[PDB]
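Coordinate analysis (summary)
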Amino acid sequence: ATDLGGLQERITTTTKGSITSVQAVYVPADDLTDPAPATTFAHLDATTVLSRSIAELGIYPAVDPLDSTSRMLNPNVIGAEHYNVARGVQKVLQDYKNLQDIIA
Amino acid sequence: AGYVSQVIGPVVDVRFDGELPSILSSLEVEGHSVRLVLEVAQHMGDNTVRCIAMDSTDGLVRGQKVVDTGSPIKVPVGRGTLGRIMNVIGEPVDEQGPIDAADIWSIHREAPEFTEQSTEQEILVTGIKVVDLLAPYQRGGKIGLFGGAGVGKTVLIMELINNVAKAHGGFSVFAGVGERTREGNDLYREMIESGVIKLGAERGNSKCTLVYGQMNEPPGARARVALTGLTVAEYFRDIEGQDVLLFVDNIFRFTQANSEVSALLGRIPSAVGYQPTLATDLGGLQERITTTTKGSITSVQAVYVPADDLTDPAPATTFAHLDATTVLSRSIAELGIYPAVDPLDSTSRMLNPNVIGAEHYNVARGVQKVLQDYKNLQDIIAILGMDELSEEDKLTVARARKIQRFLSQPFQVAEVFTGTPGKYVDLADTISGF
Amino acid sequence: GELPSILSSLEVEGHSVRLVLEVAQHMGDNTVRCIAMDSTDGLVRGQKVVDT
Amino acid sequence: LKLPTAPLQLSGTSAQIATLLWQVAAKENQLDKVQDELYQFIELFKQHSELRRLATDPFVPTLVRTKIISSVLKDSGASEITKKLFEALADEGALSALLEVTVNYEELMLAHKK
Amino acid sequence: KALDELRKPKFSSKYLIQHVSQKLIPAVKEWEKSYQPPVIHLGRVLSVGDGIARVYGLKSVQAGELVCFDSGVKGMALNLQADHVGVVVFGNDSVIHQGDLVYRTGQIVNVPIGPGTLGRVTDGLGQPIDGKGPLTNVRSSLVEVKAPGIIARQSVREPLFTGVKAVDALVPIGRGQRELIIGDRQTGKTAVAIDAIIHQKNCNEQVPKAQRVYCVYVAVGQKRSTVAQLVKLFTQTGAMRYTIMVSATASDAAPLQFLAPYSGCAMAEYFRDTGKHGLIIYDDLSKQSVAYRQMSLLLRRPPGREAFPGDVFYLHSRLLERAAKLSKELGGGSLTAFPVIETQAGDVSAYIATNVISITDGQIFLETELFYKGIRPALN
Amino acid sequence: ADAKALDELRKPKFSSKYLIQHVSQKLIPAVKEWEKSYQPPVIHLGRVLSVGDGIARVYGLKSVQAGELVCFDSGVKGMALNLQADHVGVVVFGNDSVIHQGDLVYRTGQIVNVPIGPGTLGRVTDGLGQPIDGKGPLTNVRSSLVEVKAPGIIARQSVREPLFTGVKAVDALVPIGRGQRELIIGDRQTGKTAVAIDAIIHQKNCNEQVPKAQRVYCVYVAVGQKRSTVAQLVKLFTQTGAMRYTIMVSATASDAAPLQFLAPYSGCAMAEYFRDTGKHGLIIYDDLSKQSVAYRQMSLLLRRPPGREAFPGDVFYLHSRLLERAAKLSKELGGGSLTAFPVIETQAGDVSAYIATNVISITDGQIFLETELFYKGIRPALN
Amino acid sequence: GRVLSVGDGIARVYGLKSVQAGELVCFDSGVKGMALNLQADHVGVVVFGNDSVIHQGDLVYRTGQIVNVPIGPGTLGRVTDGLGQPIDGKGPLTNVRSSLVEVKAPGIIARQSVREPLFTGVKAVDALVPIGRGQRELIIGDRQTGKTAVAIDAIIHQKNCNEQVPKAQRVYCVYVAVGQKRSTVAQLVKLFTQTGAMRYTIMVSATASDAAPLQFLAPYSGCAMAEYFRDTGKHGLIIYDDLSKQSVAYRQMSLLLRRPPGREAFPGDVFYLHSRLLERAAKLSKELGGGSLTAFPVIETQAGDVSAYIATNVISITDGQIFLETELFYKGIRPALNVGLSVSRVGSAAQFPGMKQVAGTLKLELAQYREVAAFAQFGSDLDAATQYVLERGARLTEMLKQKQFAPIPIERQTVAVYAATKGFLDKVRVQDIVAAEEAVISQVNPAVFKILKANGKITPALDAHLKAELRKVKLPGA
Ligand SMILES: Nc1ncnc2c1ncn2[C@@H]1O[C@H](COP(=O)(O)OP(=O)(O)OP(=O)(O)O)[C@@H](O)[C@H]1O
Ligand SMILES: Nc1ncnc2c1ncn2[C@@H]1O[C@H](COP(=O)(O)OP(=O)(O)OP(=O)(O)O)[C@@H](O)[C@H]1O
Ligand SMILES: Nc1ncnc2c1ncn2[C@@H]1O[C@H](COP(=O)(O)OP(=O)(O)OP(=O)(O)O)[C@@H](O)[C@H]1O
Ligand SMILES: [Mg+2]
Ligand SMILES: [Mg+2]
Ligand SMILES: [Mg+2]
């Protein structure tokens, strides 16, 4: 955690300029509970999680819509017309997953 | 006569140029903020002993003088400890003066040997109907209490204390092994409120000695506080000749504390994560709870099951020692039945006709069969209809519905806030009633 | 002097039974490390061991 | 405080003592004086059983062991590097290192005579 | 041969040469002067690496005592061994070399507590990092304090309103208890904590001065941009008139992340001990646990389950039992802890999660499945 | 520092002796003034270097055998497990809280042995043969080793005699030969002990109807049990009369893990007396799964590398060298037998555990006792 | 140097003060060694052979040279051990040259993109997970799946293509057999001889009785023998059979050199063990010759558990993955390729253009087959087009089955998937689709295979001629 933190805390927008960082993170066996991804989850403003299940359906980019979070998803940051459609899309994709065990 | 050589966390090495103290002996660190007692764990060689502290080691200097007391940790025992709270090393933490010691006993002891044991295997009448009938308590046995929060566990604790002191004239020790201080203070004030602990001049009429090793104490202090409660109980057994009650609150926290002090002394952990000496560190406590020829100690130990996994080695090692379980249920308590003993999941080894007789055995098995027969048709009543099935099935519904009521009982320590007077029920009356 | 080779057989003199020791390692200080083919209950720490 | 530099470098904790004992003997040109001071203690352990008992027995008190060596290395044969080495090695019970601190001392000595 | 018993030596000390060296080199006729290594209140770094310094000497240092290196960087004497001290460094150990002088400061780890800490963002050791000058109206207090006993406490009766309907309806929280906000990542644990702090700001303007509740947010292992966003929200809300922030971030040393909850609890025990009411929030006690595991594996203490020490339960219980409600003869004050524990795919069977579940009174379990069903706060 | 270079230091190379003679006239008076602080030196005796976790390190004992009873001066026995170059690691048959550093250890000259014979018949002993029933010492008895090797291939014959248990399920369905080994494996509280107790009571009932050579002398080894359970069992065996033929070895839960590890070997040495002199023995190791746990404790306190579940790796050998002594001897060796009933407690019916599948691949059969048959009242709950 | 101690195939050596790390040393017993961890007091030397001939105080001489193997065209045809030395009984390696086994892989500027196709002859591979030249592809599977059989078919097929291509684009194969039986690899030399693939094949055989440093080092020796063809403009195919047995040989030395163990017991550098080796498989730039080296590491899983330590390392290193399943093996589907988990990261960049336009439809339909069969095995209901996709996907599943040692070239593979995806194998019963498609290859004219080989693509003037030729065939069942 301290090696990862000492790297991650230099990649900052300061008052001098800004660094927009895009880091790929490998999870070892499609396992987000491994300590090397789970440590770096606390350092990211926007964590796009790509899932194997989305990729085997052929949906590409295989971004997990529920599991991908951002700190830009507040309504006072990106407006309400963006926030409520994003939350509505997430709710429809979530209760579809709750139905999907009975469709199968 | 000895001086501190290493301080690594709660684990202190002391060096003695003369002769070494024995293992399990108590050492006093001379010159400190508070009383810092160490307990000798091993002789490391080169005139060093390895000790485990009973308080914080922050503020300890290599070369600090350490006085060997020549004995293990020695606690005050007797009737003067009743209604008091002690920590592991015997100091009063109830802030009510010193402790009137009848004697000062070593907390480390061998189990009562084979010639002293009782071969009788008799029942401890507790005055509680569901406990006396379905899951009886062995006099000298260990009883696992699977309660929790809001199932009336503390009322059951105080009623076992009350009824054992009332009926058999024995005293009780409560060993709060690793309990939170909010829960320990709640139990203290609830015992003062219910009259089983009295303060001031009426202190001799208390029935309970609290021995509290709190959760913020080091692992050596939580690992030994059950032995302090045992020593207080063993004085009442061996000198006073009583039927004592010991309450080891969360025996799993005793296990977890001894696992921590085994991990801190650099021992390789055994299965799942526990101490390699888990069975013997548990059996050293549980084998001193027995019936001697003088009296007995009956132990009511709350059991926590780690991952809802009964094959975990700490409950699998504890359940070898248990003679009864009394499972307290939330679903029993949400029918307004008090005490909330689950009448079907509670077991006892004392429930066979060679110790309680065929009369009591057949009454208990009939009651348990009737409640079971009602239990496995409630998915037939709620699905198909209440008056849907037979009259004989509704006869068992009515009989088990009134037996399920009849297991409830008003408690004598509950009358100061419920009004209803508590009623001790004898065993033969319970048999003839059910 | 002149250590036995690895896998060599060694006989312990004076044991209750015939104790053969197969050399497994050379430990480094004129010492070989052996595996007993029978029980070692009764071995005293000076016992004569004969290389075959 | 910088010493003479050793001729050859050696491994640790018994040849690390010899690397320093050589350096505080090449400061006073006592390289050949403390060498047979070492060789006489190799011989003294072959003679005396209560002197080798101060290097094998773990049950001799460390107060005794540092006060036999300090109470015989006086008024003759001191050299003040030998006299302070064997009272330092008796403090920590490291008198059994006297054989291999001697061997690695020669390996610095023989590379010093070139 | 009669010299075989001395063939190979055995040593009771890895630093044997460090004792022979202070007795051989002063024995030369030049160096009886002026060159004696002082060992009572001073030390020399033997080894340094990964934020651990093994220090020779320092004979009169106490366990847990704050020491100082000659490069200015501080440290805590954590292992006290027979021949050396194991010092955990409160900074980067790059400035520390072998042979550096280590002075003892004489004090165990202190923190400025008092009313001067309100509105200030400190690091894990109490030093301010917001750049508004030193702490003014304060006084030093110990960091490792004994928790109040049985008789110092009284029963929890007064409600502590979090402003969250799910909490204050279903999981009612009293002034003086410890509620564990446990859940997976990005499930709203910090949101429950920040809503509680902001709601105490709202309630503090309408109640008398004896009933106000002063918040402390401890940020262990977070990033400085998250802490800056949180200070920005606390300033734009107005919560900084009652909130201290103790921020040991990810780039800080592991002993600082270990000591930040203890320092923040020492700051909040000021309000507990002087009659007032506290609210301490240890955000990611998981990360404090990981930092303590780092320091203990690097000090080569024997590891237990998952890698953790034996006293990792004693760590969190010793910390969390300082959240109490005191008795009326001690002012009646209180301190309410909200530890935050991150779970991995929602198991409460992890080791530190089981430890804090055993320590705390209740729990607030936030489920990630309930998060995207619209239910926010996602309280199971 | 080469041994080639440490071998040349045996030869004298001082070339000046100006402080050989200086201290050799001064060494003895300096040693003499510290005699109050010298412990007497130890060569054939032993002195405890360090004691802890129930393992003492003993300096000296130059002539101890490996695997030998040593006696600490406080009267506690030990067993020299590993003789090292500098010390002897002994394993303390007792609590190590009475052993100090600097204590004297005495060699006894004999590998670990228990009293066997006709005079131990009727008695309740601990894991090392000392009686605990309080009726005096073991008389009419002799000493024999506890780690005897089992008989070989040529010393055996096949089991022919039928060893009645008295249980209808066992004698009808799972019948027991007289030199056999039968595992009683089941969960907790499934009637495992009850089958073995019924076998012992039935041998009492059959011993008074058979002519003096078809008699079976039982041994009950109670490892890791409670002491109250053992007291109740001795009361039952006494009042049924079965204690006339039973030896009762008990290393209870309070006892040291070396005693619990050793108690089945002690009971096996006591029952091998009846095997070796032509009679027939019955031995019940109740919870061999607790002897395995005590041996795991001893091994992890000896810092041996844990294997599966934490067990030392020779925990198969622990039970195999135990149960292989249950044999039926040939007619040239007397024709005696020894029937073993190991008992293994199983967790939730998991027969695929480590110690369970170890003892299954040692014993000649199994008696599985199920919780689902035991809860229904089908008792004995024989699967 | 003097041997201080010796045992378990490690000799701790006093002296040897100028020895390099990784340098070959020679004992006076004749047995070789490699200095692996240089320490301040001794050298840790792993012994290339039986350590029973080394004694305490034996003399160790340093050879001066890092470990090297004979490379060149004189290794073609021969069966060598873990370092070069031939074990087939045919004398020395004539026409050969020594070079180091641990060579740095070519960097960024030394490569170009993987564009030429590597035909394995296995149509479950050459359609769905195709393999380019310079691509490393993991053949991962459980215990007795078809892992070697996929790799032997890739080698035998290169013999069938080398007779037909010009001399520049011929692929020379190297099979590294690590930790196997010695008679298992004798069955492969017999198979490569009676097929004729041994003309182009090197076999590097470090069997189970060889020392643990000979099995650790044999993938590097085989990579060095195959890097000869990469560095001199030719094309190589290296197959490391059981890299999971090389890492057990590496774990044995690391635990006996007292390097501290990590996950399961493995050393920390066991990712660097395999990524040093698989990154040497490259497609070089045209400045360096345009040469190529294609790797096929084999990893054996335990119960289909790809979440292991060595399994997750090599999945992270290699481009593709051929995941073979033991439950698909017994359903009849052989090669037992899990088409839902098998990847190729090069993908459509380096496959056959004649099958790029056919096997795009093939994986598009088999993706639709998989989820509908999970529902229709319960037996709820069927929907006459859901009925179409689990009836069509059964035509394609039986189409991708194959026999043991018959690699199908590339044109007879793409005609068969053409006839299966252009509807010509509907209404043919599912039991003899494996038997119909010999008629689809034999009865269809042999000169239409030449046009699809020469064009490499289905031209518009060929689909109208081929689908006219897929109608004049006599299909069984029908
Ligand atoms: N009640 C709510 N309504 C809507 N959104 C919310 C609510 N609570 C939290 N969120 C959103 O959830 C996201 C993650 O929440 P938050 O960071 O507070 O939880 P966390 O568990 O602390 O996450 P992390 O562990 O990553 O810090 C935030 O972007 C926040 O905007
Ligand atoms: N055949 C039987 N008929 C009736 N009751 C029985 C029978 N066998 C055992 N019981 C009863 O079941 C209980 C368990 O018996 P037993 O002690 O033999 O089981 P166990 O396997 O030894 O359990 P543990 O190993 O935990 O002591 C005893 O209380 C006994 O009274
Ligand atoms: N395509 C195939 N068609 C029919 N049979 C096959 C096919 N592939 C493999 N087999 C059979 O499966 C068996 C196992 O094949 P193979 O030798 O490839 O196993 P493996 O995966 O290499 O496992 P191991 O390395 O343990 O041998 C072989 O005997 C072979 O006959
Ligand atoms: Mg957060
Ligand atoms: Mg039993
Ligand atoms: Mg194969």
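Residues numbered from 1 in each chain as written, not as in the entry; some residues may be left out. Chains lettered and ligands numbered in written order. Part of a larger assembly, values for the part shown. Heavy atoms only, no water.

The PDB entry annotates chain D as Mitochondrial ATP synthase subunit OSCP of Polytomella sp. Pringsheim 198.80. Per the header of the deposited record, the title is "Cryo-EM structure of Polytomella F-ATP synthase, Rotary substate 1C, focussed refinement of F1 head and rotor".

As annotated in the PDB entry, chain B carries the name ATP synthase subunit beta and is attributed to Polytomella sp. Pringsheim 198.80. The Sequence similarities (unreviewed entry) comment attached to chain B in UniProt states, word for word, "Belongs to the ATPase alpha/beta chains family." The annotation that UniProt attaches to chain B under Catalytic activity (unreviewed entry) is "ATP + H2O + 4 H(+)(in) = ADP + phosphate + 5 H(+)(out)". (UniProt positions renumbered as here; feature names shortened; annotations may be inferred.)

Thoughts on the overall build of chain D
Along its length, chain D carries 6 helices and 0 strands. Counting helices and strands in the order they occur from the N terminus, chain D gives α-α-α-α-α-α. Against the globule reference of 13 Å for 114 residues, chain D gives a C-alpha radius of gyration of 14 Å, in line with a compact fold. Considered along the principal axes of its C-alpha atoms, chain D spans approximately 40 × 30 × 30 Å. Out of the 114 residues belonging to chain D, those deemed buried represent 61%. (Helix = DSSP H or I, 4+ residues; strand = E, 2+ residues; numbered from the N terminus. Rg over C-alpha atoms; globule rule 2.2 N^0.38 Å. Buried < 20%, exposed > 50% of the residue type's maximum accessible area, 1.4 Å probe, protein only.)

Overview of the UniProt feature "binding site: Mg(2+) 2" (unreviewed entry) in chain B
Residue and element names in this part refer to chain B. In this numbering, the UniProt entry assigns the feature "binding site: Mg(2+) 2" (unreviewed entry) to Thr154 and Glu183. These annotated residues cover 30 residues of sequence, and their C-alpha atoms all fall within 10.2 Å of one another, placing them together at a single site. Relative to the helices and strands, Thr154 is located in helix α2 (residues 153-167). The residue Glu183 is located in helix α3 (residues 181-194) in this model. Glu183 gets classed as partly exposed once you look at its relative accessible area, which sits at 32%.

With respect to the site of ligand 1
Near ligand 1, the surroundings consist of 14 residues, among which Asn74(A), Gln186(E), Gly188(E), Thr190(E) and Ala191(E) are the closest. Nearby residues place ligand 1 at the junction of chains A and E. Here an oxygen atom of ligand 1 and a side-chain polar atom of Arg71(A) are 3.2 Å apart. Taking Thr187(E), its main chain carries an N or O atom lying 3.4 Å from an oxygen atom of ligand 1. (Near = heavy atom within 4 Å. Polar contact = N/O pair within 3.5 Å; in protein donor to acceptor, adjacent residues only side chain to side chain.)

Quick look at the environment of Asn313(G)
Structurally, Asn313(G) is set in helix α7 (residues 309-317). Those residues in contact with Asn313(G), other than ones at most four positions away along the chain, are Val270(G) and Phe271(G). (Contact = heavy atoms within 4.5 Å.)

Digging into the interface of chain B and chain E
Facing 40 residues of chain B, the contacting portion of chain E comprises 44 residues. Buried area between chain B and chain E, summed over both chains or domains, comes out near 3400 Å², and the portion from carbon and sulfur atoms is 55%. Broken down residue by residue, the surface that chain B buries against chain E is led by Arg62(B), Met215(B) and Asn216(B), which jointly contribute 20%. Put simply, chain B and chain E have 2 salt bridges between them. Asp55(B) is the salt-bridge partner of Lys146(E), the closest N and O atoms lying 3.4 Å from each other. Inspection of the region where chain B meets chain E yields 13 residue pairs in polar contact. In terms of residue class, the side of chain B that touches chain E is built from 14 nonpolar, 13 polar and 13 charged. Pairing of strand β1 (residues 2-8) of chain B with strand β4 (residues 74-80) of chain E, which is carried by 2 bridges, proceeds in the antiparallel orientation. Paired with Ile8(B) across the strands is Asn79(E), a residue of β4(E). (Buried area = accessible area lost by both parts, 1.4 Å probe. Salt bridge = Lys/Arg side-chain N within 4 Å of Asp/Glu carboxyl O. Nonpolar A, V, L, I, M, F, W, Y, C, P; charged D, E, K, R; others polar. Pairing = 2+ DSSP bridges.)

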